[PDB]
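Here the structure is laid out as structure tokens; the discussion comes afterwards.
Residue numbers begin at 1 in each chain, while the letters A, B, ... track the order of the sequences. Both ligands and their constituent atoms are indexed starting at 1 by order of listing. In what follows, every heavy atom counts, from backbone to side chain, and hydrogens, waters and symmetry copies are set aside.
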Amino acid sequence: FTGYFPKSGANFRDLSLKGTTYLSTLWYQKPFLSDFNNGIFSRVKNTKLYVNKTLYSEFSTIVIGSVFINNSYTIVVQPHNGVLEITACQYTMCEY
Amino acid sequence: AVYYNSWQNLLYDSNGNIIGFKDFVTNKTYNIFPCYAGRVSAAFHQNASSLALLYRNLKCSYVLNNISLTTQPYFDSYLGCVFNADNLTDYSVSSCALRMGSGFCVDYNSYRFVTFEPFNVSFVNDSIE
Amino acid sequence: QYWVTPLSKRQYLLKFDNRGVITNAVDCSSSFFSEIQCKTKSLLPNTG
Amino acid sequence: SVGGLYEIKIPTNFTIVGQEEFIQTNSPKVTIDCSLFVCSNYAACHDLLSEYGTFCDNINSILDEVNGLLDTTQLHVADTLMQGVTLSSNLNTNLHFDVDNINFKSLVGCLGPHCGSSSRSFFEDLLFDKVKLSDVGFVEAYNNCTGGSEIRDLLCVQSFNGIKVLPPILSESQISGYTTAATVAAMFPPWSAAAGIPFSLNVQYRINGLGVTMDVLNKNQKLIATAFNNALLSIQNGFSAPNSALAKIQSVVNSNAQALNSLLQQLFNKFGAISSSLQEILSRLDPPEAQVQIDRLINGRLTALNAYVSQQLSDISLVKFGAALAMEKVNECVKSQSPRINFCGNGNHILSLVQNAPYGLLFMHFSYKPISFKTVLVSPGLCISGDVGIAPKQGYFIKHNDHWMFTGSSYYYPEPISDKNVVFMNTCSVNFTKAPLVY
Amino acid sequence: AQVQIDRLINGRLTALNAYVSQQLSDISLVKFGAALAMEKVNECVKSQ
Amino acid sequence: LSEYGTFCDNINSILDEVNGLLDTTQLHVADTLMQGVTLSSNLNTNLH
Amino acid sequence: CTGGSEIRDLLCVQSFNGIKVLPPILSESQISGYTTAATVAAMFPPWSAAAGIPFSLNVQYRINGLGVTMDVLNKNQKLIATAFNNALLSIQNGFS
Ligand SMILES: CC(=O)N[C@H]1[C@H]([C@H](O)[C@H](O)COC(C)=O)O[C@@](O[C@H](CO)[C@@H](O)[C@@H]2O[C@@](O)(C(=O)O)C[C@H](O)[C@H]2NC(C)=O)(C(=O)O)C[C@@H]1O
Ligand SMILES: *[C@@H]1O[C@H](CO)[C@@H](O[C@@H]2O[C@H](CO)[C@@H](O)[C@H](O)[C@H]2NC(C)=O)[C@H](O)[C@H]1NC(C)=O
Ligand SMILES: *[C@@H]1O[C@H](CO)[C@@H](O[C@@H]2O[C@H](CO)[C@@H](O)[C@H](O)[C@H]2NC(C)=O)[C@H](O)[C@H]1NC(C)=O
Ligand SMILES: *[C@@H]1O[C@H](CO)[C@@H](O[C@@H]2O[C@H](CO)[C@@H](O)[C@H](O)[C@H]2NC(C)=O)[C@H](O)[C@H]1NC(C)=O
Ligand SMILES: *[C@@H]1O[C@H](CO)[C@@H](O)[C@H](O)[C@H]1NC(C)=O
Ligand SMILES: *[C@@H]1O[C@H](CO)[C@@H](O)[C@H](O)[C@H]1NC(C)=O
Ligand SMILES: *[C@@H]1O[C@H](CO)[C@@H](O)[C@H](O)[C@H]1NC(C)=O
């Protein structure tokens with residue numbers, strides 16, 4: 001079958017970035033801001049946290065777009081503890 | 001069937017042919033088999049006014065109920081349903097112009113379905129020991 | 001962890017089990033062994 | 001050569017070894033309905049195919065001539081097996097198992113038509129149950145196509161596309177009956193396939209012809225018979241493990257299955273058209289362009305059939321050669337022992353037997369195998385009395401008990417020199433050992 | 001360009017089919033000749 | 001050419017089968033030449 | 001085929017177009033070794049390819065089998081050997 005598949009033997013890149021208070025301006029440039037081209041395949045870890053023994057699911061949110069300006073649609077895939085909210089809107093994306 | 005997920009309704013073979021489907025309305029699953037196709041092996045003798053037909057690898061019930069009803073006599077032979085030939089496999093012939101296969105022959109006087117035995121042992125009644 | 005790799009139009013040998021699940025796959029142009037696997041349409045090609 | 005003598009390793013003990021040889025004498029009779037293969041049920045394709053003329057009539061004619069040639073070849077092999085066979089009417093395999101301590105029970109099925117298809121021997125049963133696609137296997141596989149079974153057998157898909165294997169004119173049960181008759185024709189009087197003499201005596205004379213004295217053979221008749229039946233059992237047990245003959249039979253079946261599968265796969269090739277399905281073309285395009293797409297499929301499928309017919313003609317020529325060789329081996333190794341060295345298998349060939357096999361014959365070559373050897377000083381000739389030369393017949397002259405004696409070349413047993421084991425010459429050749437006091 | 005290349009593909013694939021058919025026939029002749037050479041080795045060199 | 005189907009697979013398969021027949025034939029000829037040959041360890045190319 | 005020679009071998013042009021001749025599984029050197037072994041097996045003990053007897057005696061017995069008396073045959077052994085090796089030299093010189 002011929003389809004949109006990853007190149008076997010190529011390298012995955014862990015683009016997840018975790019911070020506490022500060023955000024680095026270098027996190028919002030190349031190589032983190034990557035070219036989409038035909039598409040991407042993602043393998044995402046479900047970082048299962050616990051509060052008072054109650055399990056919570058957390059993972060990085062991905063945005064896909066072009067200029068990231070409110071005259072262009074940006075696709076956003078964001079998780080909410082078991083609910084994957086997917087939107088494609090003319091968002092005013094922040095600088096960081 | 002239990003292999004159809006919520007988004008799947010068609011079953012395909014390695015060659016891309018449709019071989020099964022889950023109905024969208026009733027959710028019932030069916031397997032698709034191609035309609036039967038085949039040939040009739042007809043044995044003809046120049047001195048005869050009819051043909052002896054062999055529906056190879058088919059039972060007479062299947063030929064009559066799913067191919068065509070005929071007025072000719074019939075029986076289930078080893079090779080398949082045979083029409084217009086008398087079943088006489090006990091009889092044998094050393095020469096055969098109508099060779100059906102697997103040691104079977106069609107002989108005409110009506111056509112007879114008869115075993116083919118082209119070679120025989122020269123027997124002698126002499127002592128064995 | 002959020003691992004990403006680029007996609008492209010590629011021919012893959014997909015193996016499906018008796019329950020319709022893709023159990024194994026081969027990227028045909030990835031390596032010489034993958035080319036043998038795709039040529040023979042088998043996960044483990046015969047010795048030869 | 002020290003003096004006039006050379007060093008030679010002469011056997012001191014021996015055994016009988018059995019070697020199998022499968023010779024393909026038949027092939028599955030593949031029949032193709034060119035009209036149903038190229039065009040299935042589609043009237044728009046049949047109308048186009050009719051414009052190509054006699055292409056399908058030619059394909060059908062070549063396959064019919066090839067299948068008629070395979071049938072003629074099978075009749076000739078059966079005629080060869082049954083030629084000259086004479087059997088006693090008092091003979092009954094249910095009681096006559098073995099003779100002269102040699103057990104043929106595993107090589108003999110029931111004799112006479114009253115047993116039906118039970119004429120297959122235990123050896124042939126053990127050889128046939130390892131091959132699924134025999135003549136009976138194809139008949140059962142095609143019988144199951146309309147039995148309502150949910151299993152999609154690839155043979156059924158091939159037959160519905162016009163590719164079916166017809167059974168041979170003689171069933172493998174009849175050929176096993178003929179090999180059984182040819183086998184019993186060698187063990188009991190009149191021994192019509194054993195030179196008209198008892199089987200043990202024929203084995204003994206054949207071993208003696210290799211250069212073995214009669215004294216050791218007729219005193220070791222029990223050891224020779226046990227070695228012969230152990231060689232037979234070794235051949236039989238050899239099928240339970242990876243065997244060259246069993247692999248050769250399965251290769252014939254697998255090559256046929258691969259050719260049929262490749263021919264069926266040609267129906268799914270697009271040949272540059274929009275689709276390989278005539279239904280998809282006819283459900284997408286109008287007649288003026290549907291005709292253009294269907295023409296590409298017809299051209300591709302007719303080219304595929306022509307290539308398959310050419311390959312089948314070549315393969316059947318190889319099968320004719322194999323069947324001619326098998327008939328020659330039956331005549332010159334089973335019914336008689338022709339003076340050809342490695343024709344009936346390798347080594348010192350004693351005698352051969354034949355058994356039926358899927359699409360061929362299994363030959364069982366029994367050979368004289370030396371076990372232990374003795375280095376002895378031999379003379380290829382002697383100069384005796386009035387310079388008269390003597391040469392040994394199928395043996396050598398040796399010094400034993402400081403006297404000149406003769407020994408067979410295939411077994412060390414010194415015996416006195418006599419006219420029985422000597423070729424006389426009026427003048428002795430140079431370098432023949434000088435023995436003036438001999439005879 | 002597809003029409004022109006398809007004409008070349010048909011011609012070159014026909015050429016290969018014709019060559020393959022010739023090669024099958026020639027190898028059958030070589031097998032017959034090799035069997036004769038083995039028979040001559042056995043019946044003229046190793047024995048008479 | 002990929003859209004043409006299994007034409008090239010069939011051409012490679014027929015040539016591979018033909019070459020396998022030639023290899024098997026060459027082995028049989030070599031076996032026939034070496035069948036039953038027994039030589040003395042004292043044989044030397046330079047003196048005999 | 002990878003050399004800088006101006007003379008383009010037609011075999012190189014064929015190989016670059018996918019047409020190539022593979023070597024046989026047994027080298028002609030190995031087959032020459034087998035024919036050499038089969039040839040020396042007739043001249044020396046145990047004469048495994050000459051009916052178990054000396055080569056000159058096999059020649060003499062074969063000529064006698066055609067209807068030639070052993071007397072003239074073993075008295076003319078040198079004439080027979082010279083005729084035999086002259087026939088072999090005639091075969092060798094026939095290739096020139
Ligand atoms: C992409 C990357 O580099 N990501 C790492 C991150 C940054 O390197 C760091 O943010 C640099 O700063 C920038 C971005 O400018 O460091 C992390 O680890 C910290 C130590 O490096 C962590 O221990 C924090 O240490 C504190 O001293 C502090 O504030 O950094 C107190 C705070 O309470 C505590 N947070 C906790 C407990 O999670 C983090 O998380 O932030 C782990 C992340 O994988
Ligand atoms: C056929 O199967 C589908 C999928 O299992 C059924 O659709 C679901 O039906 C339930 C109950 O009405 C809904 O809660 C779901 O949202 C439906 N969709 C899916 C994707 O689960 C359907 O009921 C079945 N039967 C028929 C007659 O359609
Ligand atoms: C076709 O005729 C044959 C003739 O032999 C039938 O075979 C019977 O076989 C059983 C078991 O061996 C015997 O007891 C019977 O005596 C045979 N019948 C006769 C008439 O002798 C065979 O059953 C017939 N088949 C059909 C479907 O008619
Ligand atoms: C000599 O004849 C006797 C019979 O008088 C043969 O002895 C029989 O041999 C068979 C086969 O091994 C045995 O099943 C029988 O039990 C033996 N019977 C008796 C009475 O001994 C013997 O095999 C013959 N020997 C030879 C070499 O011909
Ligand atoms: C067929 O008819 C011919 C001519 O009448 C005759 O010679 C032949 O014997 C007949 N054979 C049979 C089986 O009826
Ligand atoms: C020959 O070999 C067999 C098997 O090893 C043995 O039983 C027999 O006694 C041997 N005979 C002689 C004479 O060595
Ligand atoms: C034919 O079908 C029956 C019932 O499904 C099965 O027992 C038998 O083994 C089948 N034989 C073949 C050769 O398919």
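Using modelled atom types and a 3.5 Å distance limit, the side chains of D/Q265 and B/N15 yield a donor-acceptor pair. The closest side-chain donor-acceptor pair between A/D14 and A/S16 falls under 3.5 angstrom. Neither side chain, D/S176 nor D/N356, offers a donor N or O lying under 3.5 Å from an acceptor on the other. D/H365 and D/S352 share a donor-acceptor pair across their side chains, judged by distance under 3.5 Å alone. When only modelled atom types and interatomic distance are considered, A/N46 and A/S57 share a side-chain donor-acceptor pair under 3.5 Å. Looking only at atom types and distance, the side chain of D/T25 has no donor-acceptor partner in the side chain of D/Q74 under 3.5 Å away.
Using modelled atom types, one side-chain atom of D/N103 and one backbone atom of D/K105 make a donor-acceptor pair closer than 3.5 Å. For D/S262 (side chain) and D/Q258 (main-chain N/O), no donor-acceptor pair under 3.5 Å exists by modelled atom type. Of the possible polar contacts, one joining the D/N161 side chain to the D/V157 backbone as a donor-acceptor pair under 3.5 Å is found.
Nearest to atom 12 (O) of ligand 1 among the protein's heavy atoms is A/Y22 CB, 4.3 Å. Here the protein heavy atom with the shortest distance to atom 6 (C) of ligand 7 is D/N144 ND2, 4.2 Å. Closest to atom 44 (O) of ligand 1 among all protein heavy atoms lies A/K18 O, 3.9 Å. Protein heavy atom nearest atom 27 (C) of ligand 4, with residue, atom name and distance: D/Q221 OE1, 3.2 Å. Scanning all protein heavy atoms for the shortest distance to atom 23 (O) of ligand 4 gives D/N101 OD1, 3.6 Å. Nearest protein heavy-atom neighbour of atom 13 (C) of ligand 7: D/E140 CB, 3.7 Å. With hydrogens left out, the protein atom closest to atom 3 (O) of ligand 1 is A/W27 CZ2, 4.3 Å, a heavy atom.
For atom 10 (C) of ligand 4, the nearest protein heavy atom lies 4.0 Å away or farther. Proximity of atom 26 (C) of ligand 1 to the protein is not indicated, since no non-hydrogen protein atom lies closer than 4.0 angstrom. Distance check for atom 19 (C) of ligand 1: every protein heavy atom is found at 4.0 Å or beyond. Shown here, atom 4 (C) of ligand 7 is out of close reach of the protein: none of its heavy atoms lies under 4.0 Å off. Protein non-hydrogen atoms do reach within 4.0 Å of atom 15 (O) of ligand 1. Within 4.0 Å of atom 7 (O) of ligand 4, not a single protein heavy atom is present.
By the 4.0 Å heavy-atom criterion, A/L17 is counted among the residues contacting ligand 1.
Looking at A/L23, A/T25, A/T20, it is A/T20 that brings a heavy atom closest to atom 39 (C) of ligand 1. The residue from D/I224, D/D100, D/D98 that puts a heavy atom closest to atom 28 (O) of ligand 4 is D/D100.
In summary, D/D33 and D/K164 do not engage in a salt bridge, as defined by a charged side-chain N under 4.0 Å from a carboxylate O.
Numbered from 1 in the order shown, with element, the atoms of ligand 1 that lie under 4.0 Å from a heavy atom of A/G19 read 41 (O).
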